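Breakdown of the fold
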Amino acid sequence: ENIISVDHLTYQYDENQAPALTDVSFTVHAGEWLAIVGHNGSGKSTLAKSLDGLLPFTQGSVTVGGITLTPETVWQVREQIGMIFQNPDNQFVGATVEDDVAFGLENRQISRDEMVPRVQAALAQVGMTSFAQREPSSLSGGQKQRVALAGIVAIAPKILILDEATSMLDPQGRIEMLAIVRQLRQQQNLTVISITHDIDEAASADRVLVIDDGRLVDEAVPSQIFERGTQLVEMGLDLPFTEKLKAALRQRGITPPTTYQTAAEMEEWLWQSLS
Amino acid sequence: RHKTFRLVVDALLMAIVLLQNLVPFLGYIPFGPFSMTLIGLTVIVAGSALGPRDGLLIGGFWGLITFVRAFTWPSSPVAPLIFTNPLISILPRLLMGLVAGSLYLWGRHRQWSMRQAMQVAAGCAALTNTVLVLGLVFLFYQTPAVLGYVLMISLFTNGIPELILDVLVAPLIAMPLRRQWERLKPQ
Amino acid sequence: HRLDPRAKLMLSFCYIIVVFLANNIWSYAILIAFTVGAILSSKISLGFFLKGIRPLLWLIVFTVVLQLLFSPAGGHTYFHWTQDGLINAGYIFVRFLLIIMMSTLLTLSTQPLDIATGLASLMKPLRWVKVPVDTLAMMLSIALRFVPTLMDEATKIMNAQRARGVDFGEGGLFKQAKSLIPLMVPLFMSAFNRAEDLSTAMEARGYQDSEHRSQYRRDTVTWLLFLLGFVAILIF
Amino acid sequence: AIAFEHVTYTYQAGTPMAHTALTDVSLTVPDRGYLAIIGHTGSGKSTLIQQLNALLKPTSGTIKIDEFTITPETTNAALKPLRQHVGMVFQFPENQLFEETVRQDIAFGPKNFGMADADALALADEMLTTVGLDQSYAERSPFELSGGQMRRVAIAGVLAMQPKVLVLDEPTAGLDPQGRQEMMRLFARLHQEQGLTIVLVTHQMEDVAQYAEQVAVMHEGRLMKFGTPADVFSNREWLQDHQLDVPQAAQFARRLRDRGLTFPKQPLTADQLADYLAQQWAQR
């Protein structure tokens, strides 16, 4: 649960530069996976930034699981919000994996006695325990992100915000990070918010929020968004394959179902169609 | 927030300098008995991109390294003579990140352009760096308390590696900084 | 047995301030005994250390020639009356060798972040003088981890620059420095933009102040051996 | 044409540490070619990409690129005109901008190879369109710009050197779906029109099956397979073993094979599949 109502953030001038936002409002339930797709310069970038203390908006108010975001209520909202950013280094503190995972705690007053076993536990939760002694340089974008996640699991909050956390990741690396969030969701009832252009990440969500030129412009379950077909790419998300296939069929004379099909559904339809 | 950001930027100018020491291609550029540094022109930046507070820190971090370098892993062969007394090595670096910072502040207050202030604050911070080494060398040329010709020779082989470092920073030093304070200024 | 934490620095700090004192020969015979005594324990190869030392001795000699050369020449074409250089150059070379040996013995038995946490805990005093030593620890701990990252990104910019048509190394001194702009400008800007992205991340993490640091962070007998062998040395 | 003839490269050669990143690599690419190089990370597909530019000379074997021939004894000074003939777009090329205006940065390539500033800025003017941007941008600073449009300027500055071979390590990495797309097409269009050789290192099989006429599978420093996408993708277990996979059109194609449909070739893209289903549909 968290609540955004009537939010605006410009640079105080016009609509361009760092993506503006005008009158954005929605609420997340508890233990929901909300994805927020959008093109570029839809404020979906800064909208992530805003649900933490890190963005000084003039209009609108954010409230996260009770507390509403104010200069002196920031550290008590951030406490229950774990954010993972686009770039895998640049959020890496300390030489060694285990110093980073601990960085959350160590500079949050926890004592090395309670801290040591919560860290080996956190590292093991993401399947990273052997890499504890490791320099970040010797790690891939994939891994570097899994320890960012181990960092948030070590402090254990209720909201995980994934600001295009898979953006800069190799597909095999990206696949792992996603599966270990799904893996995470099953246990502890974690609440996930994702900003992505990834179809897989966006399809694993319960509900999708489409931003367009700084304004929240649609909202649906994922099966509804995917019926946007090729207009999806322009919208801020790649194409599910079945929509690739349906497109390539229209081009060749064949008129397929409108409602989004899955591989399983589409494969079945073709067989039934083709006798 | 801003203070935290500053803490990291220092720490990264602090890494660039470690990096220039570790990689000799970045630290300097030979002459060939002599060699003009580039570790100098990084502090001119830290001074006049953030302000003198940081030009102090990065300039100090340098002079502290050329200190331990002089014993453990010498820079020049003319380093185990000079930069082993931490006044002579430290003072020029520390006090040239200072001239760096303020002489941009000062010259902006004089309503100069961002180019003209940068340039001036560099050819100065070079100067008010080289002079101190000649200064501090001339001083410890003449006293023991624990080789005048040798001291003179040491002085001679600074009045040249640095004479280039002065023509270095004034054009080149300005370019990697005008962009920098620009991004900083908006923040 | 490199498993020595902090003192190792204070050791070599204090090992340095010993080498100057030793004027006698019956004295600093004691030095080589504990100098090679240190090296012998760490490894028996005795080759890499000598090999890994050669590059430096070209310097120490390059200096020592200067000491000797000037006195005989007198900067005057005075030839070789150069006794002072012989004793004074000899002392130098001797001194700036026992140090290098032991500093190089240090660097080869101590991972660099173990120093940084040592150095920034040999100033575990040093508070109560207005120095925010713990914050400087932070910026140190950070500086360290970016050194490899900056180094990768540096050669990366460089090769990319080369593809464009930039000649690194070619010429001098002007054309050689002028080729350094297309690598310098981005290196810094990337580091700036790097640090902006980094600080933001730290804020998201629950850190708001440098003052509270937790986590991370046998030895005497070495200082016993550097006491019952040190004070038992300034006798001579 | 590009031709590798037993090219092998070892880092720090003549040294105990020495590492052989690339071993016994023979491959040919015709004129107007499109090579994609795939394989696990650090299988030397990038040691091999740097060979082309001449950023590394072969350690043994030879490379021939049109007028050019690089052998281990080739001196890097008679190779400078290869750095323009072969244009190399490095991954995240946005961290290579440094000039005051964006026009001087684009013109920077050209000038390094002789052009007087007059016609190099003039070229830089026309290069901006090509890549995407408006003339407004010409005078702007590289850093005023967006992450996405900094890459256009990066790319365009390379295109300004007028290369005959175009090597991109990862053109679409860290880009939104549309951005990835404007660009894959930009590249295809140049190859399709204006006839250019593209060399593409990807981890995206879909780009490969859709754009390439030639694939190289690099595994652990060796050239495991080479040939058309049809050749390379037609066997899947083999691919898995080298930590790759067929594209999605082909897996789905299997699902329909599993259900009793037969295709005259294994379909690698959605269009080519839909081409079969259409003819089959007519037969219905």
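Residues numbered from 1 in each chain as written, not as in the entry; some residues may be left out. Chains lettered and ligands numbered in written order. Heavy atoms only, no water. Residues with missing side-chain atoms left out of burial classes, pairs and counts.

What the entry reports as its method is X-ray crystallography, with 3.232 Å given for the resolution.

Moving on, we come to the overall build of chain A. Along chain A, the regular secondary structure elements total 11 helices and 10 strands. Against the 2.2 N^0.38 benchmark of 19 Å for 275 residues, chain A shows a C-alpha radius of gyration of 20 Å, consistent with a compact globule. Once the C-alpha set of chain A is aligned to its principal axes, its extents read approximately 65 × 45 × 30 Å. Residues classed as buried in chain A amount to 57% of the 275 residues present. For chain A, long-range pairs separated by at least 24 residues make up 63% of all intrachain contacts whose partners lie at least 6 apart in sequence. Chain A carries 20 positive and 36 negative side-chain charges, and their two centres are separated by 3 Å. (Helix = DSSP H or I, 4+ residues; strand = E, 2+ residues; numbered from the N terminus. Rg over C-alpha atoms; globule rule 2.2 N^0.38 Å. Buried < 20%, exposed > 50% of the residue type's maximum accessible area, 1.4 Å probe, protein only. Contact = heavy atoms within 4.5 Å. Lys, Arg positive; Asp, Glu negative; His and termini not counted. Charge placed at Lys NZ, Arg CZ, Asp CG, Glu CD.)

All names here are of chain D. When the UniProt feature table is mapped onto this chain numbering, "binding site: ATP" sits at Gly39, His40, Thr41, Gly42, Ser43, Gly44, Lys45 and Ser46. Inspection of the secondary structure assignment puts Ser43 in the loop between strand 3 (34–38) and helix 1 (49–53). Note on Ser43: relative accessible area 0%, which makes it buried. In contact with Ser43, not counting residues within four places along its chain, are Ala21, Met218, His219, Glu220, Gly221 and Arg222. Its place among the elements puts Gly44 in the loop between strand 3 and helix 1. Look past the residues within four positions of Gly44 in its chain and what remains in contact with it is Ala21, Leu22 and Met218. (UniProt positions renumbered as here; feature names shortened; annotations may be inferred.)

Judged by nonpolar contacts, the single largest core of 84 residues is most densely connected at B:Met36, B:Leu168 and C:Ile142. With 13 residues, the single largest contributor to this core is helix 1 (residues 2–22) of chain B. Residues contacting C:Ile142, with those up to four places away along its chain left out, are A:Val93, B:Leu7, B:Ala11, B:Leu12, C:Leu198 and C:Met202. Ranked by size, the runner-up nonpolar core spans 54 residues in total, among them D:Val102, D:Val131, D:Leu168 and D:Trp238. (Core = buried A, V, L, I, M, F, W, Y, C linked by side-chain atoms within 4.5 Å.)

Attention shifts here to the UniProt feature "binding site: ATP" in chain A. All names here are of chain A. What UniProt calls "binding site: ATP" maps, in this numbering, to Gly38, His39, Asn40, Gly41, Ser42, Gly43, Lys44 and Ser45. One can find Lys44 in helix 1 (residues 44–50). Discounting chain neighbours no more than four positions away, the residues touching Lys44 are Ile36, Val37, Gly38, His39, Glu164, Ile195, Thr196, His197 and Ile211. With respect to the secondary-structure elements, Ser45 resides in helix 1. In this structure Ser45 touches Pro19 and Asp163, once residues within four positions along its chain are discounted.

All names here are of chain D. Read from one edge of the open sheet, 6 strands run 6-7-8-3-9-10, paired in mixed fashion. Lying at the two open borders of the sheet, with one neighbouring strand each, are strand 6 (86–89) and strand 10 (222–227). The mean angle between the axes of side-by-side strands here comes to 15°, regardless of whether they run parallel or antiparallel. In this structure, strand 9 (residues 214–219) lies alongside strand 10, joined through 5 bridges in antiparallel fashion. What sits directly across from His219, in strand 10, is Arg222. (Pairing = 2+ DSSP bridges. Axes fitted to C-alpha atoms, helices over the stretch in contact; angles between N-to-C directions.)

Attention now goes to the side chain of A:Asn90. With respect to the helices and strands, A:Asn90 occurs in the loop between strand 6 (81–84) and helix 3 (97–106). Beyond its immediate chain neighbours, meaning those up to four positions away, A:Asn90 contacts C:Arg145, C:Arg194, C:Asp197, C:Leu198 and C:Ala201.

In this section: a nonpolar patch on the surface. Residues and elements named next belong to chain C. On the surface, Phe34, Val221, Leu224, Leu225, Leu227, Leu228, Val231 and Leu234 cluster together into a nonpolar patch covering about 700 Å² of accessible area. In terms of residues, the nonpolar patch owes the most to one element, helix 10 (residues 220–225), which gives 3 residues. In this fold, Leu224 is placed in helix 10. Looking at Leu224, the relative accessible area reads 43%, which means it is partly exposed. (Patch = residues over 30% accessible without salt bridge, like charges linked within 9 Å, V, L, I, M, F, W, Y side chains within 5 Å. Areas by Shrake-Rupley, 256 points an atom, 1.4 Å probe, with all protein chains shown as cover. Salt bridge = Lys/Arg side-chain N within 4 Å of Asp/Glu carboxyl O.)

This part is about the packing of aromatic side chains. Going through the model one piece at a time under the given rule, you end up with 18 aromatic pairs over all chains. Across from the ring centre of B:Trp62, 4.2 Å away, lies the NZ or CZ of B:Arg93, which sits over that ring. Above the ring of D:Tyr137, the side-chain terminus of D:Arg140 is found at 4.3 Å from the ring centroid. (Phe/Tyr/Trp six-rings, centres within 6.5 Å; stacked < 30°, edge-to-face > 60°. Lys NZ or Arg CZ within 6 Å of the ring centre and 35° of its normal.)

Once that is clear, we can look at the interface of chain B and chain C. At the interface, 51 residues of chain B touch 53 residues of chain C. Put simply, the parts of the chain that give the side of chain B that touches chain C at least two residues each are helix 1, helix 2 (24–27), strand 1 (28–30), helix 3 (39–49), helix 4 (52–71), helix 9 (148–156), helix 10 (161–173) and helix 11 (175–184) of chain B. With 16 residues, the single largest contributor to the side of chain B that touches chain C is helix 1 of chain B. The residue makeup of the side of chain B that touches chain C, split by class, is 39 nonpolar, 8 polar and 4 charged. (Nonpolar A, V, L, I, M, F, W, Y, C, P; charged D, E, K, R; others polar.)

Quick look at the sheet that holds strand 1 (residues 2–9) of chain A now. All names here are of chain A. With antiparallel pairing, the 4 strands of this open sheet are ordered in space as 2-1-4-5. A single partner strand is all that each edge strand has here, and the edge strands are strand 2 (21–28) and strand 5 (67–68). Looking at chain direction, strand 4 (residues 59–64) and strand 5 are connected through 2 bridges and run antiparallel. Along strand 5, the bridge assignment pairs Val64 with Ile67.

The side chains of a regular strand alternate, residue by residue, between the two faces of the sheet. All names here are of chain D. In terms of burial, strand 3 is largely enclosed, as 5 of its 5 residues are buried. Residues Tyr34, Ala36 and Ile38 point to one face of strand 3 and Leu35 and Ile37 to the other, with burial holding for every one of them. Note that strand 3 and strand 9 share 4 bridges and pair parallel. The partner of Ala36 across the bridge, within strand 9, is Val215.

Quick look at the interface of chain C and chain A now. With 26 residues of chain C at the contact, the number on the chain A side is 33 residues. Approximately 2,700 Å² of surface area, both sides summed, lies buried where chain C meets chain A, with 54% of it carried by carbon and sulfur atoms. If you look at where chain C meets chain A, you find 2 salt bridges. A salt bridge links C:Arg213 to A:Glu106, with the nearest nitrogen and oxygen atoms 3.5 Å apart. Counting across the interface, chain C meets chain A through 8 residue pairs in polar contact. The biggest single contributor to the side of chain C that touches chain A is helix 9 (residues 181–204) of chain C, with 8 residues. A class-by-class count of the residues in the side of chain C that touches chain A yields 10 nonpolar, 9 polar and 7 charged. (Buried area = accessible area lost by both parts, 1.4 Å probe. Polar contact = N/O pair within 3.5 Å; in protein donor to acceptor, adjacent residues only side chain to side chain.)

A few words now on the side chain of C:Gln67. Mapping C:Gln67 onto the fold places it in helix 4 (residues 54–73). Exposure remark for C:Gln67: the relative accessible area of 13% places this residue in the buried category.

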